[PDB]
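S.K.: Data: query-v7.cif, mmCIF, C-alpha atoms; chains and numbers go by the auth columns.
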data_model
loop_
_atom_site.group_PDB
_atom_site.id
_atom_site.type_symbol
_atom_site.label_atom_id
_atom_site.label_comp_id
_atom_site.label_asym_id
_atom_site.label_seq_id
_atom_site.Cartn_x
_atom_site.Cartn_y
_atom_site.Cartn_z
_atom_site.B_iso_or_equiv
_atom_site.auth_seq_id
_atom_site.auth_asym_id
ATOM 1 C CA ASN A 1 70.241 15.962 20.889 0.00 7 A
ATOM 2 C CA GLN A 2 72.921 16.600 23.593 0.00 8 A
ATOM 3 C CA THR A 3 76.354 17.613 22.244 0.00 9 A
ATOM 4 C CA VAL A 4 79.546 18.464 24.134 0.00 10 A
ATOM 5 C CA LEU A 5 81.110 21.623 22.746 0.00 11 A
ATOM 6 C CA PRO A 6 84.829 21.343 21.839 0.00 12 A
ATOM 7 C CA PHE A 7 86.274 23.600 24.497 0.00 13 A
ATOM 8 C CA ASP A 8 89.740 22.720 25.791 0.00 14 A
ATOM 9 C CA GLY A 9 90.980 22.297 29.340 0.00 15 A
ATOM 10 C CA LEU A 10 88.135 23.965 31.179 0.00 16 A
ATOM 11 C CA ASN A 11 88.571 24.118 34.953 0.00 17 A
ATOM 12 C CA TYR A 12 85.221 24.637 36.724 0.00 18 A
ATOM 13 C CA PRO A 13 83.459 26.655 34.024 0.00 19 A
ATOM 14 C CA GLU A 14 80.756 28.814 35.509 0.00 20 A
ATOM 15 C CA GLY A 15 79.131 31.655 33.622 0.00 21 A
ATOM 16 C CA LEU A 16 78.309 31.351 29.931 0.00 22 A
ATOM 17 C CA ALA A 17 76.771 33.481 27.219 0.00 23 A
ATOM 18 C CA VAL A 18 75.949 33.073 23.559 0.00 24 A
ATOM 19 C CA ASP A 19 76.002 35.908 21.029 0.00 25 A
ATOM 20 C CA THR A 20 73.951 36.469 17.839 0.00 26 A
ATOM 21 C CA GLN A 21 76.609 34.691 15.724 0.00 27 A
ATOM 22 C CA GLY A 22 76.409 31.553 17.877 0.00 28 A
ATOM 23 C CA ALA A 23 79.719 32.083 19.597 0.00 29 A
ATOM 24 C CA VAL A 24 79.765 30.700 23.126 0.00 30 A
ATOM 25 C CA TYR A 25 81.597 32.524 25.913 0.00 31 A
ATOM 26 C CA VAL A 26 82.602 30.824 29.158 0.00 32 A
ATOM 27 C CA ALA A 27 83.920 32.186 32.440 0.00 33 A
ATOM 28 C CA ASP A 28 86.547 29.493 32.989 0.00 34 A
ATOM 29 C CA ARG A 29 86.690 30.224 36.705 0.00 35 A
ATOM 30 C CA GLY A 30 89.474 27.893 37.801 0.00 36 A
ATOM 31 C CA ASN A 31 91.770 29.225 35.044 0.00 37 A
ATOM 32 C CA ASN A 32 91.024 32.938 35.704 0.00 38 A
ATOM 33 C CA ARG A 33 90.088 33.485 32.081 0.00 39 A
ATOM 34 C CA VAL A 34 87.176 33.930 29.681 0.00 40 A
ATOM 35 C CA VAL A 35 87.183 31.742 26.605 0.00 41 A
ATOM 36 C CA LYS A 36 85.190 32.057 23.390 0.00 42 A
ATOM 37 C CA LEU A 37 84.282 29.329 20.903 0.00 43 A
ATOM 38 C CA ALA A 38 82.942 30.440 17.527 0.00 44 A
ATOM 39 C CA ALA A 39 80.098 28.402 16.022 0.00 45 A
ATOM 40 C CA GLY A 40 81.572 25.334 14.329 0.00 46 A
ATOM 41 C CA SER A 41 85.119 25.945 15.570 0.00 47 A
ATOM 42 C CA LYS A 42 87.289 23.409 17.372 0.00 48 A
ATOM 43 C CA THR A 43 89.789 25.949 18.786 0.00 49 A
ATOM 44 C CA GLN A 44 88.692 28.201 21.594 0.00 50 A
ATOM 45 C CA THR A 45 90.082 31.701 22.024 0.00 51 A
ATOM 46 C CA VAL A 46 91.220 33.138 25.364 0.00 52 A
ATOM 47 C CA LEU A 47 89.952 36.702 25.451 0.00 53 A
ATOM 48 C CA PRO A 48 92.407 39.499 26.441 0.00 54 A
ATOM 49 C CA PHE A 49 91.093 40.241 29.898 0.00 55 A
ATOM 50 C CA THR A 50 93.839 40.739 32.470 0.00 56 A
ATOM 51 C CA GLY A 51 93.962 40.441 36.232 0.00 57 A
ATOM 52 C CA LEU A 52 90.862 38.286 36.748 0.00 58 A
ATOM 53 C CA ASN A 53 90.484 36.444 40.062 0.00 59 A
ATOM 54 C CA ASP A 54 87.816 33.684 39.995 0.00 60 A
ATOM 55 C CA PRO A 55 85.569 35.257 37.327 0.00 61 A
ATOM 56 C CA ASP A 56 82.021 34.005 37.577 0.00 62 A
ATOM 57 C CA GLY A 57 79.627 35.663 35.155 0.00 63 A
ATOM 58 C CA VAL A 58 79.927 36.572 31.513 0.00 64 A
ATOM 59 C CA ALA A 59 77.564 38.600 29.298 0.00 65 A
ATOM 60 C CA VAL A 60 77.784 39.872 25.714 0.00 66 A
ATOM 61 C CA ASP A 61 75.903 42.845 24.325 0.00 67 A
ATOM 62 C CA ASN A 62 74.502 43.425 20.865 0.00 68 A
ATOM 63 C CA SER A 63 77.625 45.261 19.672 0.00 69 A
ATOM 64 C CA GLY A 64 79.907 42.430 20.818 0.00 70 A
ATOM 65 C CA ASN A 65 81.307 43.962 23.999 0.00 71 A
ATOM 66 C CA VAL A 66 82.037 41.294 26.608 0.00 72 A
ATOM 67 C CA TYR A 67 81.374 41.837 30.308 0.00 73 A
ATOM 68 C CA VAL A 68 82.714 39.685 33.161 0.00 74 A
ATOM 69 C CA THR A 69 82.099 39.680 36.906 0.00 75 A
ATOM 70 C CA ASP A 70 85.594 39.562 38.378 0.00 76 A
ATOM 71 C CA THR A 71 84.198 38.127 41.588 0.00 77 A
ATOM 72 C CA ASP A 72 87.182 38.088 43.924 0.00 78 A
ATOM 73 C CA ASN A 73 88.163 41.620 42.850 0.00 79 A
ATOM 74 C CA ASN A 74 84.618 42.932 43.489 0.00 80 A
ATOM 75 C CA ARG A 75 84.392 44.514 40.066 0.00 81 A
ATOM 76 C CA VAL A 76 82.830 44.217 36.644 0.00 82 A
ATOM 77 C CA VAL A 77 85.145 44.456 33.625 0.00 83 A
ATOM 78 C CA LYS A 78 84.160 45.293 30.041 0.00 84 A
ATOM 79 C CA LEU A 79 86.237 44.385 26.974 0.00 85 A
ATOM 80 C CA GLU A 80 85.489 46.491 23.874 0.00 86 A
ATOM 81 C CA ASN B 1 58.084 47.061 40.226 0.00 6 B
ATOM 82 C CA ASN B 2 55.749 44.270 41.340 0.00 7 B
ATOM 83 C CA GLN B 3 57.686 41.153 42.414 0.00 8 B
ATOM 84 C CA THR B 4 56.395 37.682 41.606 0.00 9 B
ATOM 85 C CA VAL B 5 57.808 34.319 42.633 0.00 10 B
ATOM 86 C CA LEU B 6 57.779 32.031 39.633 0.00 11 B
ATOM 87 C CA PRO B 7 56.152 28.611 40.147 0.00 12 B
ATOM 88 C CA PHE B 8 59.218 26.415 39.898 0.00 13 B
ATOM 89 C CA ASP B 9 59.096 23.285 42.082 0.00 14 B
ATOM 90 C CA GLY B 10 61.700 21.702 44.304 0.00 15 B
ATOM 91 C CA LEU B 11 64.663 23.931 43.453 0.00 16 B
ATOM 92 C CA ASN B 12 67.897 23.225 45.383 0.00 17 B
ATOM 93 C CA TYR B 13 70.462 26.069 45.142 0.00 18 B
ATOM 94 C CA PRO B 14 69.266 27.519 41.804 0.00 19 B
ATOM 95 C CA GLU B 15 72.199 29.292 40.169 0.00 20 B
ATOM 96 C CA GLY B 16 72.289 30.427 36.548 0.00 21 B
ATOM 97 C CA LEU B 17 69.196 31.481 34.687 0.00 22 B
ATOM 98 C CA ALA B 18 68.273 32.685 31.241 0.00 23 B
ATOM 99 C CA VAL B 19 65.157 34.048 29.552 0.00 24 B
ATOM 100 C CA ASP B 20 64.401 33.543 25.861 0.00 25 B
ATOM 101 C CA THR B 21 62.602 35.781 23.315 0.00 26 B
ATOM 102 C CA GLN B 22 59.231 34.233 24.284 0.00 27 B
ATOM 103 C CA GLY B 23 59.655 34.802 28.027 0.00 28 B
ATOM 104 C CA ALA B 24 60.476 31.252 28.966 0.00 29 B
ATOM 105 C CA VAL B 25 62.778 31.056 31.986 0.00 30 B
ATOM 106 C CA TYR B 26 65.560 28.459 32.206 0.00 31 B
ATOM 107 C CA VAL B 27 67.245 27.641 35.538 0.00 32 B
ATOM 108 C CA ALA B 28 70.359 25.671 36.393 0.00 33 B
ATOM 109 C CA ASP B 29 69.014 23.827 39.497 0.00 34 B
ATOM 110 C CA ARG B 30 72.549 23.033 40.632 0.00 35 B
ATOM 111 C CA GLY B 31 71.768 21.065 43.725 0.00 36 B
ATOM 112 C CA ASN B 32 69.488 18.761 41.703 0.00 37 B
ATOM 113 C CA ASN B 33 71.904 18.404 38.738 0.00 38 B
ATOM 114 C CA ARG B 34 69.275 19.463 36.238 0.00 39 B
ATOM 115 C CA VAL B 35 68.093 22.374 34.115 0.00 40 B
ATOM 116 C CA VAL B 36 64.393 23.269 34.391 0.00 41 B
ATOM 117 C CA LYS B 37 62.266 25.521 32.209 0.00 42 B
ATOM 118 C CA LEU B 38 59.080 27.452 32.918 0.00 43 B
ATOM 119 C CA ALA B 39 57.305 28.792 29.836 0.00 44 B
ATOM 120 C CA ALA B 40 55.594 32.160 30.233 0.00 45 B
ATOM 121 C CA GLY B 41 52.268 31.532 31.925 0.00 46 B
ATOM 122 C CA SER B 42 52.963 27.867 32.657 0.00 47 B
ATOM 123 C CA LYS B 43 52.354 26.414 36.109 0.00 48 B
ATOM 124 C CA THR B 44 54.600 23.340 35.936 0.00 49 B
ATOM 125 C CA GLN B 45 58.242 23.377 34.932 0.00 50 B
ATOM 126 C CA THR B 46 59.715 20.990 32.421 0.00 51 B
ATOM 127 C CA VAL B 47 63.027 19.229 33.034 0.00 52 B
ATOM 128 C CA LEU B 48 65.280 19.524 30.043 0.00 53 B
ATOM 129 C CA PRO B 49 66.643 16.168 28.785 0.00 54 B
ATOM 130 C CA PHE B 50 70.307 16.756 29.557 0.00 55 B
ATOM 131 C CA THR B 51 72.235 13.690 30.668 0.00 56 B
ATOM 132 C CA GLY B 52 75.033 13.370 33.172 0.00 57 B
ATOM 133 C CA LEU B 53 75.073 16.896 34.627 0.00 58 B
ATOM 134 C CA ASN B 54 76.957 17.420 37.853 0.00 59 B
ATOM 135 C CA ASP B 55 76.659 20.790 39.632 0.00 60 B
ATOM 136 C CA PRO B 56 75.526 22.646 36.491 0.00 61 B
ATOM 137 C CA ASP B 57 75.989 26.376 37.044 0.00 62 B
ATOM 138 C CA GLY B 58 75.268 28.476 33.982 0.00 63 B
ATOM 139 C CA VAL B 59 72.573 28.353 31.343 0.00 64 B
ATOM 140 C CA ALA B 60 72.143 30.311 28.125 0.00 65 B
ATOM 141 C CA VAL B 61 69.704 30.204 25.236 0.00 66 B
ATOM 142 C CA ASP B 62 70.357 31.339 21.681 0.00 67 B
ATOM 143 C CA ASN B 63 67.984 32.917 19.153 0.00 68 B
ATOM 144 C CA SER B 64 67.111 29.545 17.623 0.00 69 B
ATOM 145 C CA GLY B 65 66.181 28.122 21.026 0.00 70 B
ATOM 146 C CA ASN B 66 69.269 25.977 21.586 0.00 71 B
ATOM 147 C CA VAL B 67 70.119 25.642 25.282 0.00 72 B
ATOM 148 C CA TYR B 68 73.711 25.666 26.572 0.00 73 B
ATOM 149 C CA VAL B 69 74.829 24.690 30.073 0.00 74 B
ATOM 150 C CA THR B 70 78.133 24.796 31.961 0.00 75 B
ATOM 151 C CA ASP B 71 78.456 21.298 33.532 0.00 76 B
ATOM 152 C CA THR B 72 80.918 22.625 36.090 0.00 77 B
ATOM 153 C CA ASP B 73 82.084 19.493 37.819 0.00 78 B
ATOM 154 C CA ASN B 74 82.525 17.713 34.464 0.00 79 B
ATOM 155 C CA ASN B 75 84.553 20.647 33.048 0.00 80 B
ATOM 156 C CA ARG B 76 82.430 20.787 29.934 0.00 81 B
ATOM 157 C CA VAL B 77 79.778 22.822 28.142 0.00 82 B
ATOM 158 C CA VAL B 78 76.768 20.917 26.814 0.00 83 B
ATOM 159 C CA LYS B 79 74.320 21.963 24.106 0.00 84 B
ATOM 160 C CA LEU B 80 70.760 20.769 23.639 0.00 85 B
ATOM 161 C CA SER C 1 90.374 47.400 20.329 0.00 5 C
ATOM 162 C CA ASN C 2 90.629 45.051 23.312 0.00 6 C
ATOM 163 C CA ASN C 3 90.640 47.955 25.764 0.00 7 C
ATOM 164 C CA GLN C 4 89.597 46.809 29.229 0.00 8 C
ATOM 165 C CA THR C 5 87.556 49.110 31.422 0.00 9 C
ATOM 166 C CA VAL C 6 86.260 48.664 34.975 0.00 10 C
ATOM 167 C CA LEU C 7 82.606 49.678 35.163 0.00 11 C
ATOM 168 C CA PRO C 8 81.975 52.282 37.902 0.00 12 C
ATOM 169 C CA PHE C 9 79.869 50.148 40.210 0.00 13 C
ATOM 170 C CA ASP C 10 80.066 51.095 43.879 0.00 14 C
ATOM 171 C CA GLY C 11 80.437 48.751 46.816 0.00 15 C
ATOM 172 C CA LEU C 12 80.069 45.370 45.173 0.00 16 C
ATOM 173 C CA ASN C 13 80.692 42.348 47.420 0.00 17 C
ATOM 174 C CA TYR C 14 81.344 39.063 45.576 0.00 18 C
ATOM 175 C CA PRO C 15 79.343 39.938 42.440 0.00 19 C
ATOM 176 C CA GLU C 16 78.219 36.798 40.641 0.00 20 C
ATOM 177 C CA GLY C 17 75.683 36.817 37.810 0.00 21 C
ATOM 178 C CA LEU C 18 75.437 39.593 35.291 0.00 22 C
ATOM 179 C CA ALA C 19 73.284 40.532 32.348 0.00 23 C
ATOM 180 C CA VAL C 20 73.252 43.309 29.779 0.00 24 C
ATOM 181 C CA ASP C 21 70.115 44.628 28.122 0.00 25 C
ATOM 182 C CA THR C 22 69.465 45.981 24.626 0.00 26 C
ATOM 183 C CA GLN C 23 70.187 49.549 25.784 0.00 27 C
ATOM 184 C CA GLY C 24 73.567 48.515 27.241 0.00 28 C
ATOM 185 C CA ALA C 25 72.556 48.648 30.908 0.00 29 C
ATOM 186 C CA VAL C 26 74.497 46.133 33.020 0.00 30 C
ATOM 187 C CA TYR C 27 72.746 44.229 35.849 0.00 31 C
ATOM 188 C CA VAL C 28 74.756 42.477 38.575 0.00 32 C
ATOM 189 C CA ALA C 29 73.722 39.967 41.230 0.00 33 C
ATOM 190 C CA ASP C 30 75.671 41.536 44.086 0.00 34 C
ATOM 191 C CA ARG C 31 75.523 38.347 46.072 0.00 35 C
ATOM 192 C CA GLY C 32 77.307 39.525 49.224 0.00 36 C
ATOM 193 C CA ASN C 33 74.909 42.487 49.545 0.00 37 C
ATOM 194 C CA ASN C 34 71.658 40.562 48.793 0.00 38 C
ATOM 195 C CA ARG C 35 70.807 42.955 45.996 0.00 39 C
ATOM 196 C CA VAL C 36 70.692 43.390 42.243 0.00 40 C
ATOM 197 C CA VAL C 37 72.276 46.581 40.889 0.00 41 C
ATOM 198 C CA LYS C 38 71.821 48.179 37.446 0.00 42 C
ATOM 199 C CA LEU C 39 74.238 50.582 35.724 0.00 43 C
ATOM 200 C CA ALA C 40 73.110 52.321 32.539 0.00 44 C
ATOM 201 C CA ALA C 41 75.697 52.620 29.776 0.00 45 C
ATOM 202 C CA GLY C 42 78.082 55.502 30.414 0.00 46 C
ATOM 203 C CA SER C 43 76.321 56.404 33.663 0.00 47 C
ATOM 204 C CA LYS C 44 77.698 57.427 37.044 0.00 48 C
ATOM 205 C CA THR C 45 74.484 56.170 38.681 0.00 49 C
ATOM 206 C CA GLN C 46 73.744 52.651 39.875 0.00 50 C
ATOM 207 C CA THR C 47 70.201 51.624 40.719 0.00 51 C
ATOM 208 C CA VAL C 48 69.278 49.071 43.382 0.00 52 C
ATOM 209 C CA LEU C 49 66.339 47.155 41.955 0.00 53 C
ATOM 210 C CA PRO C 50 63.362 46.747 44.331 0.00 54 C
ATOM 211 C CA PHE C 51 63.658 43.039 44.904 0.00 55 C
ATOM 212 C CA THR C 52 62.813 42.199 48.489 0.00 56 C
ATOM 213 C CA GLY C 53 64.090 39.514 50.826 0.00 57 C
ATOM 214 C CA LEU C 54 66.904 38.153 48.686 0.00 58 C
ATOM 215 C CA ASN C 55 69.404 35.749 50.233 0.00 59 C
ATOM 216 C CA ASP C 56 72.707 35.301 48.363 0.00 60 C
ATOM 217 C CA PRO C 57 71.280 35.847 44.859 0.00 61 C
ATOM 218 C CA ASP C 58 73.475 34.409 42.199 0.00 62 C
ATOM 219 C CA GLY C 59 71.946 34.756 38.736 0.00 63 C
ATOM 220 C CA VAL C 60 70.277 37.634 36.908 0.00 64 C
ATOM 221 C CA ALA C 61 68.588 37.818 33.502 0.00 65 C
ATOM 222 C CA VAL C 62 66.695 40.549 31.646 0.00 66 C
ATOM 223 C CA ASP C 63 64.164 39.959 28.877 0.00 67 C
ATOM 224 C CA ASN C 64 63.387 42.089 25.802 0.00 68 C
ATOM 225 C CA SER C 65 60.560 43.854 27.658 0.00 69 C
ATOM 226 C CA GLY C 66 62.877 44.883 30.500 0.00 70 C
ATOM 227 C CA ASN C 67 61.555 42.441 33.096 0.00 71 C
ATOM 228 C CA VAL C 68 64.318 41.325 35.447 0.00 72 C
ATOM 229 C CA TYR C 69 64.680 37.811 36.840 0.00 73 C
ATOM 230 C CA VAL C 70 66.909 36.684 39.715 0.00 74 C
ATOM 231 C CA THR C 71 67.768 33.314 41.234 0.00 75 C
ATOM 232 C CA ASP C 72 67.371 33.841 45.006 0.00 76 C
ATOM 233 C CA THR C 73 69.697 30.871 45.591 0.00 77 C
ATOM 234 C CA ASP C 74 69.552 30.437 49.379 0.00 78 C
ATOM 235 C CA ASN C 75 65.749 30.825 49.309 0.00 79 C
ATOM 236 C CA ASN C 76 65.459 28.186 46.526 0.00 80 C
ATOM 237 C CA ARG C 77 63.314 30.445 44.370 0.00 81 C
ATOM 238 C CA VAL C 78 63.286 32.547 41.199 0.00 82 C
ATOM 239 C CA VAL C 79 61.783 36.047 41.430 0.00 83 C
ATOM 240 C CA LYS C 80 60.653 38.384 38.631 0.00 84 C
ATOM 241 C CA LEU C 81 60.394 42.159 38.767 0.00 85 C
ATOM 242 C CA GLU C 82 57.842 43.795 36.393 0.00 86 C
#
Using structure tokens, write down the structure from this file.

M.R.:
Amino acid sequence: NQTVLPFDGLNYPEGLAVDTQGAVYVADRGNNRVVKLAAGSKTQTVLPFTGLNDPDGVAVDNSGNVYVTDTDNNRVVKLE
Amino acid sequence: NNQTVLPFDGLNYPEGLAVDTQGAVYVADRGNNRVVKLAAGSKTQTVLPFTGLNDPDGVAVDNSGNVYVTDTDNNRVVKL
Amino acid sequence: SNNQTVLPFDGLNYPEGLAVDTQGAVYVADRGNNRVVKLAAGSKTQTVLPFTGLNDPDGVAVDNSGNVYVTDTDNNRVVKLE
């Protein structure tokens, strides 16, 4: 059963992660942002990272912290 | 600290990968527009029955075994 | 709290994939340096994992047993450590 998740206006999405609650996180590379879609939701949320330049990878730990590879700034950023 | 090459076949620019709770490894074989899976101990990958992928980049797997992929060039996230 | 912090990795060069394990250690596919680097939570120490012969690795994953997996993209292969 293939389903398309109701994200909005993605622009070359690259990294993705899924947490224990079924929320899906996407490094929306072409929009320099990380978006999150809760399970069952139709409205995605742009997370409050700042200063990203072509973010590639996203990861989420067991306590809900979100990590992104900010590729063109050669750094890894954590949002708590 | 022993390195092993896993017995995937015919990969073309493999990009994202994920590993589930049972040790199965999922790979976004971007250059072949497919997602392949090698169960722990298996010798032959399976090709997951996604449709219409184009330069898929990221893969993730949730606790219930659902597989999520960033279909980059189609600006969408697909769930199996 | 939405506080943003830059993790104290050293010398990354176009980092791509990342993973976090159950202890909070962060693993990065440091693509431009053909290496995978690990930073334990709160540490000032990064560890270069003993993968060999990588070429532009892009993806990294870590399983519950601590085994580490990397897509060695330009070598068209997936390698496992442990």

S.K.: Looking at B:64, B:36, B:20, B:71, which one is nearest to chain A, with distances taken over all atoms listed in the file?

M.R.: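 With all atoms listed in the file as the atom set, the closest residue is B:64.
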
S.K.: Of the candidates C:52, C:79, C:39, C:63, which one gets nearest to chain A if we count all atoms listed in the file?

M.R.: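 Of all the options, C:63 lies closest to chain A.
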
S.K.: Within 9 Å of chain A, which residues of chain C show up when using only C-alpha atoms, listed as number ranges by chain?

M.R.: C: 5-28, 30, 32, 63

S.K.: Distance cut-off 8 Å, counting only C-alpha atoms - which residues of chain B neighbour chain C? Return them as a list in words.

M.R.: residues 6, 7, 8, 9, 10, 11, 13, 15, 16, 17, 18, 19, 20, 21, 22, 23, 24, 25, 26 and 28 of chain B

S.K.: What is the distance between atom CA of residue 50 of chain A and atom CA of residue 84 of chain B, in Å to one decimal?

M.R.: 15.9 Å

S.K.: I'd like the neighbourhood of residue 38 of chain B as a ChimeraX atom specification, where a residue qualifies if any of its atoms comes within 7 Å (using all atoms listed in the file), though same-chain residues fewer than 4 positions away should be ignored.

M.R.: /B:34,58-61

S.K.: Return as a tab-separated table the residues of chain B lying at most 8 Å from chain A, together with the closest atom-to-atom pair for each and the distance in Å to one decimal, counting only C-alpha atoms, with rows in chain order and ascending residue number.

M.R.:
residue	atom	partner	partner_atom	distance
B:21	CA	A:21	CA	7.5
B:55	CA	A:8	CA	6.5
B:56	CA	A:8	CA	7.7
B:62	CA	A:20	CA	5.6
B:63	CA	A:21	CA	5.0
B:64	CA	A:22	CA	6.6
B:65	CA	A:23	CA	5.7
B:66	CA	A:24	CA	7.1
B:67	CA	A:24	CA	6.1
B:68	CA	A:26	CA	7.1
B:74	CA	A:22	CA	7.5
B:75	CA	A:20	CA	6.0
B:76	CA	A:19	CA	7.3
B:77	CA	A:18	CA	4.8
B:78	CA	A:18	CA	6.1
B:79	CA	A:18	CA	7.8
B:80	CA	A:16	CA	5.2
B:81	CA	A:16	CA	6.6
B:82	CA	A:11	CA	5.7
B:83	CA	A:10	CA	4.6
B:84	CA	A:9	CA	5.2
B:85	CA	A:8	CA	4.7

S.K.: On this file, the PyMOL selection byres ((chain C and resi 47) around 10) gives some set of residues; write that set as an MDAnalysis selection string.

M.R.: chainID C and resid 11:13 29 43:46 48:50

S.K.: Fix up segment 40-64 of chain A with N, CA and C atoms, then write it as a compact mmCIF listing (two decimals), in the frame of the given file.

M.R.:
# COMPACT_ATOMS: atom_id res chain seq x y z
N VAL A 40 88.41 34.06 30.45
CA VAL A 40 87.18 33.93 29.68
C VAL A 40 87.53 33.38 28.32
N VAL A 41 86.87 32.31 27.92
CA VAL A 41 87.18 31.74 26.60
C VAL A 41 85.97 31.85 25.70
N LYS A 42 86.23 31.89 24.39
CA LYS A 42 85.19 32.06 23.39
C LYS A 42 85.36 30.99 22.33
N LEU A 43 84.27 30.33 21.97
CA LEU A 43 84.28 29.33 20.90
C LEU A 43 83.29 29.75 19.82
N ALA A 44 83.81 30.11 18.65
CA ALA A 44 82.94 30.44 17.53
C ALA A 44 82.13 29.22 17.09
N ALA A 45 80.95 29.48 16.51
CA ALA A 45 80.10 28.40 16.02
C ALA A 45 80.84 27.56 14.99
N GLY A 46 80.92 26.25 15.24
CA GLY A 46 81.57 25.33 14.33
C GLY A 46 83.06 25.18 14.53
N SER A 47 83.67 25.98 15.40
CA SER A 47 85.12 25.94 15.57
C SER A 47 85.52 24.87 16.58
N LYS A 48 86.74 24.36 16.42
CA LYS A 48 87.29 23.41 17.37
C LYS A 48 88.40 24.01 18.23
N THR A 49 88.75 25.27 18.01
CA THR A 49 89.79 25.95 18.79
C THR A 49 89.18 27.12 19.53
N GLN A 50 89.25 27.08 20.86
CA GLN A 50 88.69 28.20 21.59
C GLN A 50 89.71 29.33 21.63
N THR A 51 89.23 30.52 21.97
CA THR A 51 90.08 31.70 22.02
C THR A 51 90.03 32.24 23.44
N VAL A 52 91.19 32.50 24.05
CA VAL A 52 91.22 33.14 25.36
C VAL A 52 91.16 34.65 25.14
N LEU A 53 90.13 35.29 25.68
CA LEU A 53 89.95 36.70 25.45
C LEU A 53 90.98 37.49 26.27
N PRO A 54 91.35 38.71 25.80
CA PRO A 54 92.41 39.50 26.44
C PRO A 54 91.98 40.32 27.66
N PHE A 55 91.24 39.68 28.57
CA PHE A 55 91.09 40.24 29.90
C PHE A 55 92.41 40.05 30.64
N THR A 56 92.68 40.92 31.61
CA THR A 56 93.84 40.74 32.47
C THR A 56 93.43 40.92 33.92
N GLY A 57 94.14 40.24 34.81
CA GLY A 57 93.96 40.44 36.23
C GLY A 57 92.70 39.87 36.85
N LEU A 58 92.06 38.90 36.19
CA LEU A 58 90.86 38.29 36.75
C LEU A 58 91.21 37.37 37.91
N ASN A 59 90.33 37.33 38.91
CA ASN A 59 90.48 36.44 40.06
C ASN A 59 89.14 35.76 40.30
N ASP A 60 89.03 34.50 39.85
CA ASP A 60 87.82 33.68 39.99
C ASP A 60 86.62 34.34 39.32
N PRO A 61 86.70 34.62 38.02
CA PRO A 61 85.57 35.26 37.33
C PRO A 61 84.39 34.30 37.27
N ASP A 62 83.20 34.84 37.47
CA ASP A 62 82.02 34.01 37.58
C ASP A 62 81.11 34.18 36.37
N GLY A 63 80.69 35.41 36.11
CA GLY A 63 79.63 35.66 35.16
C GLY A 63 80.20 36.26 33.90
N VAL A 64 79.58 35.94 32.77
CA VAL A 64 79.93 36.57 31.51
C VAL A 64 78.64 36.95 30.77
